Each structure stands twice: as structure tokens, then as C-alpha cells.
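Participant: Sharing a structure below in C-alpha cells format, with a few things to ask.
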Amino acid sequence: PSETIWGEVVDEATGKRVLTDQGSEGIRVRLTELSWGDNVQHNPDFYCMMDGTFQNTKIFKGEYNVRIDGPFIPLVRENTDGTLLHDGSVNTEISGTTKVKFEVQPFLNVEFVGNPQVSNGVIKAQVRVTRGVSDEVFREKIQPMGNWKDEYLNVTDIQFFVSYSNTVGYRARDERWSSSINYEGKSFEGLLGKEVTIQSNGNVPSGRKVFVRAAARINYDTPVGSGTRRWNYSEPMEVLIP
């Protein structure tokens, strides 16, 4: 198998990359070969890099469905009876190098506001979480699937991932220093668009460089029924510990 697919995942509203973590909880890519007969998945599900791009170079030449799932409104939507309502996956020939672009509606946008202050090996940052897609659109696209609940929109937590590695995120988290804030029910609503202060745990030794990153998620799993509630992510930042 000698063909390549390259893809990027961008926010429909802004054109910005949808940043993620290259682990099972990141942005999943599934390639199914389409056939007159029955369709076959030759390539295991694989994951985007942290920058919201993906590539696989071991594709058998042919026609494919390309489906992605992530911290964004599902593109392939079926109701609770199993009936398909919308299919926003891409069908494309994969031949030579094939480039594809997915425009999605991320649940949340997450950014740092300041530079993270450090004092005594504990790091402190300002995080701003906002809706990546309007609550109206979220409901319009998801309510028709059935088993709707307003609480699906609740922002459940913020994570402050800390790692020696520049691939900092859930997979590479250092549990000595990574931290989080959990929010019950809908109690984050008043904090949308405001600066939330978060602090590392433990004490990172002075003289060391660590990488830090913010993440936030809602009370909603993708793919639906999987139990995986996926984070939206900020850009990483390098922090030098005095």
C-alpha cells in the first residue's frame, strides 16, 4: 500500500486549526475503502497530531470514505433508533498524495491569557474558555438525534497539563504537576469568556524547562455512546522554572 492521505481539521467559523492530543482521546481518523461489494477498513483508526493535522502513507489506491471524530459536533449523526440523519464524512479517491480539509465546529475554544508566572516551582496561568460553536447550533444539530439533555452543554472541567515533553497534553501529562478544576452541573456558565486562574501541583525543580497547556471539555461524548468526552486544547507554552 503506497498512497498517502494528508488532512487538516479546522474550525468552520474561524479557519483556525482544531488543536488536539495524539492519543485515543484526540481526533480519530477512519478510512473505509468503498466497494461495489462490501466496504473494508484496511487501516486501523489513527489520530491527528497535536496541530490538528494527520497523515498516513500506507493507503491502498482506491475510493474511500474518510470520517473524523473529535472535540467537535459529530459529522456523522444517527438517532437513537439507529437511523442516519446526516453524514458529513468525505468520499474521495486516495491516489498519489491526496489532501483533504475538514471544517468542524469545536465545542470550546481554550487559550492562555497571560504568560504563566512561576514562584517556588509552582506554575500559575490564566486560562480563558469560550464556546467554539453557538449553543443554538449545537442543539439544532444534536437534539434531533434523540435522548437530548441540556446538560450535554455543561463545561465539566479545565486541565492544566504539565510535562517535560513538548507534546504536552493528556497522553504526555506529568501527574506530579498537572492540575485541574472540576465544575459541577452548569456552574462554569458564568466563567465563559473570563480569565480562570489555575495552578500546577507539586514543585518542578528549578533550572528545568517544562511545557504547559490548557484544556476544557463538555458533558458530551464522541463518538456518541463511547463514553469518551474529548478536550479542546490551547497552544502549548514553554515555562522556564527559576
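A note on labels: chains of the C-alpha cells are A, B, ... as shown, every chain counts residues from 1, and ligands are counted from 1 in their shown order.
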For the interface of segment 81-112 of chain A with segment 137-145 of chain A (cut-off 9 Å, counting only C-alpha atoms), please tabulate each contacting residue of segment 81-112 of chain A alongside its nearest pair of atoms and their separation in Å to one decimal, rows sorted by chain and increasing number, as a Markdown table.

Facilitator:
```
| residue | atom | partner | partner_atom | distance |
| --- | --- | --- | --- | --- |
| A:81 | CA | A:145 | CA | 8.8 |
| A:83 | CA | A:145 | CA | 8.8 |
| A:84 | CA | A:145 | CA | 8.9 |
| A:85 | CA | A:145 | CA | 7.7 |
| A:105 | CA | A:138 | CA | 8.7 |
| A:107 | CA | A:138 | CA | 8.3 |
```

Participant: Tell me, as number ranges by chain, which residues lie within 9 Å of residue 205 of chain A, counting only C-alpha atoms; anything in the same chain fewer than 2 positions away does not count.

Facilitator: A: 120-121, 203, 207-208, 241-242

Participant: Any idea what's packed within 8 Å of segment 211-220 of chain A, counting only C-alpha atoms, ignoring anything in its chain fewer than 5 positions away? Could you give it as a ChimeraX atom specification?

Facilitator: /A:71,107-108,110-112,127,129,151-166,168-169,228-239

Participant: Once you have the residues from the selection above, write them out as a PDB file, in the first residue's frame, restricted to C-alpha atoms.

Facilitator:
```pdb
ATOM      1  CA  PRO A  71     -13.977  17.546  20.320  1.00  0.00           C
ATOM      2  CA  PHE A 107     -17.256  22.557  21.350  1.00  0.00           C
ATOM      3  CA  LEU A 108     -14.856  25.002  23.111  1.00  0.00           C
ATOM      4  CA  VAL A 110      -9.325  27.366  25.060  1.00  0.00           C
ATOM      5  CA  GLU A 111      -6.434  29.814  25.322  1.00  0.00           C
ATOM      6  CA  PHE A 112      -3.870  31.187  27.733  1.00  0.00           C
ATOM      7  CA  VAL A 127      -6.985  30.315  31.059  1.00  0.00           C
ATOM      8  CA  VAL A 129     -12.646  29.124  27.892  1.00  0.00           C
ATOM      9  CA  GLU A 151     -26.703  19.233  30.483  1.00  0.00           C
ATOM     10  CA  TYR A 152     -24.725  17.917  27.488  1.00  0.00           C
ATOM     11  CA  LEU A 153     -23.519  21.529  27.110  1.00  0.00           C
ATOM     12  CA  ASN A 154     -22.072  21.792  30.665  1.00  0.00           C
ATOM     13  CA  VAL A 155     -18.354  22.614  30.798  1.00  0.00           C
ATOM     14  CA  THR A 156     -17.174  19.948  33.277  1.00  0.00           C
ATOM     15  CA  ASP A 157     -13.500  20.796  33.850  1.00  0.00           C
ATOM     16  CA  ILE A 158     -10.337  22.694  32.973  1.00  0.00           C
ATOM     17  CA  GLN A 159      -7.000  20.865  32.867  1.00  0.00           C
ATOM     18  CA  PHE A 160      -3.568  22.385  33.264  1.00  0.00           C
ATOM     19  CA  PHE A 161      -1.309  19.733  31.747  1.00  0.00           C
ATOM     20  CA  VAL A 162       2.382  19.973  32.622  1.00  0.00           C
ATOM     21  CA  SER A 163       5.096  17.834  31.039  1.00  0.00           C
ATOM     22  CA  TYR A 164       8.833  17.799  30.352  1.00  0.00           C
ATOM     23  CA  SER A 165       7.779  16.907  26.781  1.00  0.00           C
ATOM     24  CA  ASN A 166       6.745  19.471  24.164  1.00  0.00           C
ATOM     25  CA  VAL A 168       2.263  18.121  26.480  1.00  0.00           C
ATOM     26  CA  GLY A 169      -1.385  17.075  26.669  1.00  0.00           C
ATOM     27  CA  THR A 228     -15.112   9.481  25.716  1.00  0.00           C
ATOM     28  CA  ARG A 229     -15.538  13.159  26.447  1.00  0.00           C
ATOM     29  CA  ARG A 230     -12.804  14.839  24.433  1.00  0.00           C
ATOM     30  CA  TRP A 231     -10.930  18.043  25.343  1.00  0.00           C
ATOM     31  CA  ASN A 232     -10.408  21.128  23.351  1.00  0.00           C
ATOM     32  CA  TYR A 233      -6.888  22.441  23.780  1.00  0.00           C
ATOM     33  CA  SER A 234      -4.801  25.583  23.864  1.00  0.00           C
ATOM     34  CA  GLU A 235      -1.405  26.020  22.301  1.00  0.00           C
ATOM     35  CA  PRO A 236       1.450  24.744  24.494  1.00  0.00           C
ATOM     36  CA  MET A 237       3.781  27.185  26.210  1.00  0.00           C
ATOM     37  CA  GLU A 238       7.339  26.730  27.417  1.00  0.00           C
ATOM     38  CA  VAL A 239       7.978  27.724  31.016  1.00  0.00           C
TER      39      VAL A 239
END
```

Participant: For each of A:43, A:18, A:149, A:50, take the minimum atom-to-atom distance to residue 167 of chain A, counting only C-alpha atoms, then give the residue where this is smallest.

Facilitator: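 Checking each candidate against residue 167 of chain A, we get A:50 as the closest.
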
Participant: Running DSSP on the backbone, which parts of segment 12-208 of chain A land in strand (DSSP E or B), as a ChimeraX atom specification?

Facilitator: /A:17,28-33,40,46-47,53-59,62-69,72,76-78,84-87,90-94,97-104,106,108-112,117-119,122-131,155-163,179-182,195-199

Participant: Write out as a PDB file with N, CA and C atoms, in the first residue's frame all residues of segment 5-218 of chain A that DSSP puts in alpha helix (DSSP H) for this structure's backbone.

Facilitator:
```
ATOM      1  N   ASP A 135     -24.429  27.569  21.283  1.00  0.00           N
ATOM      2  CA  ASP A 135     -25.355  26.623  21.922  1.00  0.00           C
ATOM      3  C   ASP A 135     -26.584  26.312  21.012  1.00  0.00           C
ATOM      4  N   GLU A 136     -27.039  27.304  20.224  1.00  0.00           N
ATOM      5  CA  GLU A 136     -28.224  27.159  19.330  1.00  0.00           C
ATOM      6  C   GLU A 136     -27.924  26.150  18.249  1.00  0.00           C
ATOM      7  N   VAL A 137     -26.750  26.287  17.610  1.00  0.00           N
ATOM      8  CA  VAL A 137     -26.290  25.331  16.575  1.00  0.00           C
ATOM      9  C   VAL A 137     -26.051  23.949  17.162  1.00  0.00           C
ATOM     10  N   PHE A 138     -25.392  23.881  18.319  1.00  0.00           N
ATOM     11  CA  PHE A 138     -25.202  22.602  18.993  1.00  0.00           C
ATOM     12  C   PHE A 138     -26.508  21.896  19.177  1.00  0.00           C
ATOM     13  N   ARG A 139     -27.472  22.577  19.807  1.00  0.00           N
ATOM     14  CA  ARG A 139     -28.782  21.965  19.946  1.00  0.00           C
ATOM     15  C   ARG A 139     -29.469  21.625  18.609  1.00  0.00           C
ATOM     16  N   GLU A 140     -29.443  22.553  17.653  1.00  0.00           N
ATOM     17  CA  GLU A 140     -30.069  22.295  16.342  1.00  0.00           C
ATOM     18  C   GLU A 140     -29.531  20.992  15.705  1.00  0.00           C
ATOM     19  N   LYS A 141     -28.230  20.731  15.811  1.00  0.00           N
ATOM     20  CA  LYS A 141     -27.665  19.567  15.141  1.00  0.00           C
ATOM     21  C   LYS A 141     -27.761  18.280  16.001  1.00  0.00           C
ATOM     22  N   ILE A 142     -27.726  18.419  17.320  1.00  0.00           N
ATOM     23  CA  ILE A 142     -27.672  17.244  18.216  1.00  0.00           C
ATOM     24  C   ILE A 142     -29.029  16.803  18.778  1.00  0.00           C
TER      25      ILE A 142
END
```

Participant: Can you tell me how far atom CA of residue 93 of chain A sits from atom CA of residue 79 of chain A, in Å to one decimal?

Facilitator: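 The value is 28.9 Å.
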
Participant: Please report, as CSV, each residue of segment 82-162 of chain A lying at most 12 Å from segment 53-57 of chain A, together with the nearest pair of atoms and the separation in Å rounded to one decimal; use only C-alpha atoms, and order rows by chain and ascending residue number.

Facilitator:
```
residue,atom,partner,partner_atom,distance
A:94,CA,A:57,CA,10.4
A:95,CA,A:57,CA,10.5
A:96,CA,A:57,CA,9.5
A:97,CA,A:57,CA,8.4
A:98,CA,A:55,CA,9.8
A:99,CA,A:55,CA,9.1
A:100,CA,A:54,CA,9.8
A:101,CA,A:53,CA,9.2
A:102,CA,A:53,CA,9.9
```

Participant: Got time to write the residues from that selection, C-alpha atoms, as a PDB file, in the first residue's frame?

Facilitator:
```pdb
ATOM      1  CA  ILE A  94      -6.869   8.297  -2.476  1.00  0.00           C
ATOM      2  CA  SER A  95      -4.100   8.261  -5.108  1.00  0.00           C
ATOM      3  CA  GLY A  96      -0.548   9.709  -5.075  1.00  0.00           C
ATOM      4  CA  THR A  97      -0.877  12.282  -2.280  1.00  0.00           C
ATOM      5  CA  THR A  98      -4.482  13.267  -1.559  1.00  0.00           C
ATOM      6  CA  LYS A  99      -5.084  16.319   0.636  1.00  0.00           C
ATOM      7  CA  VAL A 100      -8.380  16.787   2.450  1.00  0.00           C
ATOM      8  CA  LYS A 101      -9.674  19.575   4.673  1.00  0.00           C
ATOM      9  CA  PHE A 102     -12.363  19.130   7.327  1.00  0.00           C
TER      10      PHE A 102
END
```

Participant: Just checking: using only C-alpha atoms, which residue out of A:80, A:109, A:115, A:89 ends up closest to residue 14 of chain A?

Facilitator: A:109

Participant: Kindly give the distance, in Å, that separates atom CA of residue 20 of chain A and atom CA of residue 103 of chain A, rounded to a single decimal.

Facilitator: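 Going from atom CA of residue 20 of chain A over to atom CA of residue 103 of chain A covers 14.8 Å.
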
Participant: Which is closer to residue 171 of chain A than all the others in A:23, A:82, A:7, A:1, using only C-alpha atoms?

Facilitator: A:23

Participant: When you count only C-alpha atoms, which of these residues is closest to residue 178 of chain A: A:35, A:91, A:65, A:201?

Facilitator: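 Of A:35, A:91, A:65, A:201, the one nearest residue 178 of chain A is A:201, counting only C-alpha atoms.
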
Participant: I'd like the interatomic distance between atom CA of residue 4 of chain A and atom CA of residue 170 of chain A, to a tenth of an Å.

Facilitator: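 One can read the atom CA of residue 4 of chain A to atom CA of residue 170 of chain A distance as 27.8 Å.
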
Participant: Rank A:104, A:58, A:69, A:77 by their smallest atom-to-atom distance to residue 9 of chain A, using only C-alpha atoms, and report the top residue only.

Facilitator: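 The answer is A:104, which sits nearest to residue 9 of chain A.
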